[PDB]
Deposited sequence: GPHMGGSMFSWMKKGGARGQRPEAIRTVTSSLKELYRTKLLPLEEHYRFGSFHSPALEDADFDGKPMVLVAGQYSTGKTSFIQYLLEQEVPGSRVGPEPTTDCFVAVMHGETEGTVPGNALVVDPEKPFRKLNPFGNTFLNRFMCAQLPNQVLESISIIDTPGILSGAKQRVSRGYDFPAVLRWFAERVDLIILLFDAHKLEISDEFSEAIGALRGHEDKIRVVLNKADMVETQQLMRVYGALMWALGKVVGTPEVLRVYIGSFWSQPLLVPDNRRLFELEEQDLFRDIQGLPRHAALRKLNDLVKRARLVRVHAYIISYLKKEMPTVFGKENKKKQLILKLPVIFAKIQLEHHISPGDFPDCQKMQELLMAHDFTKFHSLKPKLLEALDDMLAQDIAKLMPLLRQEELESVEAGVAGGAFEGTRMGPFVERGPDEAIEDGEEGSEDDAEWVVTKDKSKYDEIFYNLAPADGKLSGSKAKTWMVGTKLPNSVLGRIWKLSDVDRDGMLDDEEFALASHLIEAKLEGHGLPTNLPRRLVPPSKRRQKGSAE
């Protein structure tokens, strides 16, 4: 099985590749990292185009989202209310429109990727990045391990978009399992609250709350994840109240996903750094077992013991080598994988190699930062090209004193003549006068809303003066502001700022 997915001149990118093969690869290969965690990296991992993964439950809008980013339909995947997508669609660039199934790029070492399709089409966006539509996560058995495959993408992908639909939020257990697989790559996650224009403004808040309340417990990290609220959707808004917010959030995401090529080399560095640590941990985990094993006699029991003692084995290694619990892999898995290996064949601890790795992380990596910083402004305004990211899409358009004080004393005469109690005119009394202006009820309401600044249901002299001013304004032929400007707020009422 193999991936074509990732689609002089001494660059930080190359430097990384050279560092890997020189100071990591030996350490991986000596302690057989590839037979436990992840196989040896290839040039494709360094020279390939950046990728963005899109995941979520059924009917969350993943396929729609990609289509929306593209402003164009996906050859393979189609939109539908019932579970439609049933495979991993690797939406990537193509000279001509069309698709190609799995197995097109001796696999006697057999494949189950036959359920994996590649969609190819000519598109400005696809010149910069390659998007991956995944199958819907089950909500409430399968032919393969779904978390592990996400964990596989997590190591290689640039952005992980997780969708949730405001309409029918469900944070289900197979999902809760999925997140566990992303552990260690929190920073790549971008939670998206889709269909936010479908639920009522109050309801949206509940949903949003619940989601964060949930996600808080699931990922468990103290660093809150950024959510993006919207409807990634070329169609009209069901409820428009929160239009500004959605189109603001959209942009925040689009800017973040646009700069991926510019910020490509850094994530590679960081992910290499992250790998190094797991490699290092693994090394000690193997080495320590081989040390504990006997030469020839009584080994079968010692293996059976050691695997049961593994929790203690980790704990003891954490202490004496000063390494964060977050670096260690899931014990329960190691437990299982270690059963398949011949403990006697394990290699010894070889400080020689470990030192190289350590020195890579200590100095070599520190040295590159200067260069990287230079590369991140030397020439990096490539960005994600046209599509939905295009600017034209937004459209081709885009200290004082109170102004009624001059007419104040005129209004007061009318005010106090209407018998307000305690300097306050009742709503009942205010309406019965206001309507006397012969203005449409609707307008009079909008005036009232504006004028009752302290919102107590009554009008004092200043508020009445304001109301009157507005009534005159509209009577002369003017539009009422949807919201009062600081300027029109009666001086005494204005905020302290």
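Exercise for the section: Map the modelled residues onto the deposited sequence and report the uncovered stretches in sequence order. Expected result: In the chain as deposited, 1 to 7, 15 to 23, 122 to 132, 168 to 172, 431 to 447, 547 to 550 carry no coordinates.
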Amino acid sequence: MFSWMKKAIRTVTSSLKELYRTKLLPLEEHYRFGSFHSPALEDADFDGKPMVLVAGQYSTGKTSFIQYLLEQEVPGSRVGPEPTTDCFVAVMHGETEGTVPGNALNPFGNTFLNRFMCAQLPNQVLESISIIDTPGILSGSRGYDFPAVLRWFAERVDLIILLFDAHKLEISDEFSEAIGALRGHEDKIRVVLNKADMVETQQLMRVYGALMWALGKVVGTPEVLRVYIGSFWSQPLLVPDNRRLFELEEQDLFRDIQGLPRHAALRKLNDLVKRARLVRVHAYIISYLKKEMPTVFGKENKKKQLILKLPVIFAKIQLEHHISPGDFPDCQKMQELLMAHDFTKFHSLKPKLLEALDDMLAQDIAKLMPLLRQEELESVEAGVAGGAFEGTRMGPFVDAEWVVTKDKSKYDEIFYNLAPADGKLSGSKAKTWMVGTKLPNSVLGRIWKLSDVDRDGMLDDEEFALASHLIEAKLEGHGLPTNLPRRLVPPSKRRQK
From here on, numbers count along this sequence of modelled residues.
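Practice task
Using the B-factors recorded in the PDB entry, average over the C-alpha atoms of 201 to 209 and of 294 to 302, then report which stretch comes out higher.
Solution key: 294 to 302 has the higher mean C-alpha B-factor.
Exercise for the section: Look over 187 to 195 and 336 to 344 in the entry and identify the one with the greater average Cα temperature factor. Expected result: Of 336 to 344 and 187 to 195, the stretch with the higher C-alpha B-factor average is 336 to 344.
Problem - Out of 100, 273, 157, 161, highest CA B-factor residue - result: Among 100, 273, 157, 161, the highest C-alpha B-factor in the entry belongs to 100.
Handout entry: Options 383, 216, 236, 427 - largest CA temperature factor per the record
Key = Most elevated C-alpha B-factor of the set, per the entry: 383.
Practice task
Pull the Cα B-factor of residue 390 out of the PDB entry and bin it into the chain's lowest, middle or highest third.
Solution key: Its C-alpha B-factor, which the entry lists for residue 390, ranks in the middle third among residues of this chain.
Exercise for the section: Looking at the entry's B-factor column for C-alpha atoms only, identify whether residue 404 ranks in the lowest, middle or highest third of its chain. Expected result: Middle third.
Problem - Within-chain third of residue 132 by Cα B-factor, per the entry - result: It belongs to the lowest third of the chain when residues are ordered by C-alpha B-factor.
Problem - residue 489 - Cα temperature factor, lowest/middle/highest third of chain - result: Tercile = lowest for this residue's CA B-factor.
Practice task
Give the position of residue 397 by CA B-factor within its chain, expressed as the lowest, middle or highest third.
Solution key: According to the entry, residue 397 has a C-alpha B-factor in the chain's middle third.
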